[PDB]
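Working through the structure, step by step
The lines below spell out each chain.
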Amino acid sequence: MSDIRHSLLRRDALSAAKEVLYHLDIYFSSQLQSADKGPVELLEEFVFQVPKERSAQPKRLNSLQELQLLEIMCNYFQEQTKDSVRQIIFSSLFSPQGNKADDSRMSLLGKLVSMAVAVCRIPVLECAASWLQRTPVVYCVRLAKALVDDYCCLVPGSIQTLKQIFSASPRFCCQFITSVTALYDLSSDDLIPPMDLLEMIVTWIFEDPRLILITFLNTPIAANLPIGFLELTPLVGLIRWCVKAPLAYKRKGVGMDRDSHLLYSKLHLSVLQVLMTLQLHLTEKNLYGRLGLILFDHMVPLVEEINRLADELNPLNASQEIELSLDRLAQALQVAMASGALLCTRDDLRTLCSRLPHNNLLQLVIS
Amino acid sequence: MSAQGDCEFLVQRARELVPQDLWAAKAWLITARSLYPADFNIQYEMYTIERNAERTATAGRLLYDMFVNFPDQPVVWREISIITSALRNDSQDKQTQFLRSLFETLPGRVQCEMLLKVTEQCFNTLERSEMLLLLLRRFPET
């Protein structure tokens, strides 16, 4: 009834919102076996500090009452002990509902997820990872980039906390790797990975093949989702990032970032273990179906992006870097062909090499 | 079809990769596939470049399996002789201990066959007898 809503439409730290959420979750759990948009939208708007009326004042702003409500929600979610209920609540909270505070609601949901990760709410973190899997790559990747920018830029320890969570949660680690690859698209200066985030990623490359395998084995994959439902294998991003070592200097004075080549190369070297693990998981086992691995015909887009982005004085200043990047790309293509990740035959990338700088690695890739 | 040249280029790349991080050299060495069984001596040299316990264990597995696959390289015989001598004496070398651990990690039949091959190669009476005695001590059933 609307009387309960009115009784829950007062104060920004009110426990009535938590009681309403618990009752709705219990109703959903009771009816799940025999299985509303409006109630979830209203609950999110109440959390987002936007009132029930579409054009009324904000629901009591934020202040310390919003922090109290967030703490109460985190405490309830950690002790919720219901994967489906937590996943449904997380999906409802961070979905674009068209309200005036939709982006702020998504940002607050990401903030709560970061708080849960800091609180080591492992079941809640897993539910958030599943919700991100059930969310568009654009909004989820933007939220991940915002959370990474918030944490990594602070004092040391946030990278340590992220690495510890990645060691604990492998699905969250794979989602974070995919989100980092999507953010570090080599598109601009901001696309250059930050030092702390890159250090955490490089340090967390001991179980990256294991995390990728865990993400692959977590759930069978359907057809291509809408713009990517958190694809596990972000191999193209890592391969480009290794290639984009001189791109840090190219995008920028000019020589602002040039020492990251070795760390990226070390992180890229983990793909050999990932390639062998993927080969064992697909070719050796019965998982040799579909396209081998997550390719999505992105190899041609990757080659086109490499050709387009490398135009910044490739001839003499970055000749050695271009040749090394060509060798890395050839190694990635050979790994994909041997491991079966790229089911397509030749000329899919050999023709693309025509619009790339000539190197001995190009002949080696052709050979 | 320019296969020796590719091996030479890979050797030069590995030589240039010694100063840099070993992960990059390992990644470059892993994805070769063109003539890896023929260039397995280069892979053995790369595995012997690293001297960690895990690296030595992986070397003692992979290189031994390749040598069983390709029993015609004198480098395999040299490694087997070094492992046998390491078992006999000179325990002060950690790499010798790693080679001895790799030799003992193999099955008894494989170790007996390797010792028999070394003894057959050991034309000297003393060396052949000592190798046979060590094989009998390690493997009483041989």
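Residues numbered from 1 in each chain as written, not as in the entry; some residues may be left out. Chains lettered and ligands numbered in written order. Part of a larger assembly, values for the part shown. Heavy atoms only, no water. Residues with missing side-chain atoms left out of burial classes, pairs and counts.

The deposited coordinates derive from cryo-EM, with the record listing a resolution of 4.1 Å.

**Regarding the overall build of chain B**
Counting secondary structure elements, chain B contains 8 helices and 0 strands. Reading chain B from its N terminus to its C terminus gives the helix and strand order α-α-α-α-α-α-α-α. Its C-alpha atoms put chain B at 45 × 35 × 25 Å along the principal axes. (Helix = DSSP H or I, 4+ residues; strand = E, 2+ residues; numbered from the N terminus.)

**Description of the overall build of chain A**
Regarding its fold elements, chain A presents 19 helices and 0 strands. For 367 residues, the compact-globule formula gives about 21 Å, and the C-alpha radius of gyration of chain A, at 23 Å, lands near that figure. Overall size of chain A, expressed as C-alpha extent along the three principal axes, is 75 × 50 × 35 Å. (Rg over C-alpha atoms; globule rule 2.2 N^0.38 Å.)

**Considerations on the interface of chain A and chain B**
Think of interface size as the accessible area that goes away when the parts come together; that is how it is often given. Facing 4 residues of chain A, the contacting portion of chain B comprises 5 residues. Of the residues contributing to the side of chain A that touches chain B, the split by class is 2 nonpolar, 1 polar and 1 charged. (Contact = heavy atoms within 4.5 Å. Nonpolar A, V, L, I, M, F, W, Y, C, P; charged D, E, K, R; others polar.)

**Some details on the packing of helix α15 (residues 261-268) of chain A against helix α16 (residues 270-284) of chain A**
Residues and elements named next belong to chain A. Where α15 meets α16, the axes come as close as 4 Å, and the angle between the chain directions of the two elements is 15 degrees. Taken together, the axes of α15 and α16 are roughly parallel relative to one another. Contacts from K266, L267 and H268 in α15 reach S270, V271 and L272 in α16. Here the residues of the contact of α15 with α16 are counted per class, giving 3 nonpolar, 2 polar and 1 charged. (Axes fitted to C-alpha atoms, helices over the stretch in contact; angles between N-to-C directions. Parallel < 35°, antiparallel > 145°, perpendicular 65-115°, else oblique.)

**Focus: unusual backbone geometry**
All names here are of chain A. Look at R60: it is not a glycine, yet its phi comes out positive at around 65 degrees. Checked against the element boundaries, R60 lands in the loop between α3 (37-47) and α4 (63-78). In this structure, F296 is a non-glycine residue whose phi angle is positive, near 60 degrees. Within the secondary structure layout, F296 lies in the loop between α16 and α17 (299-309).

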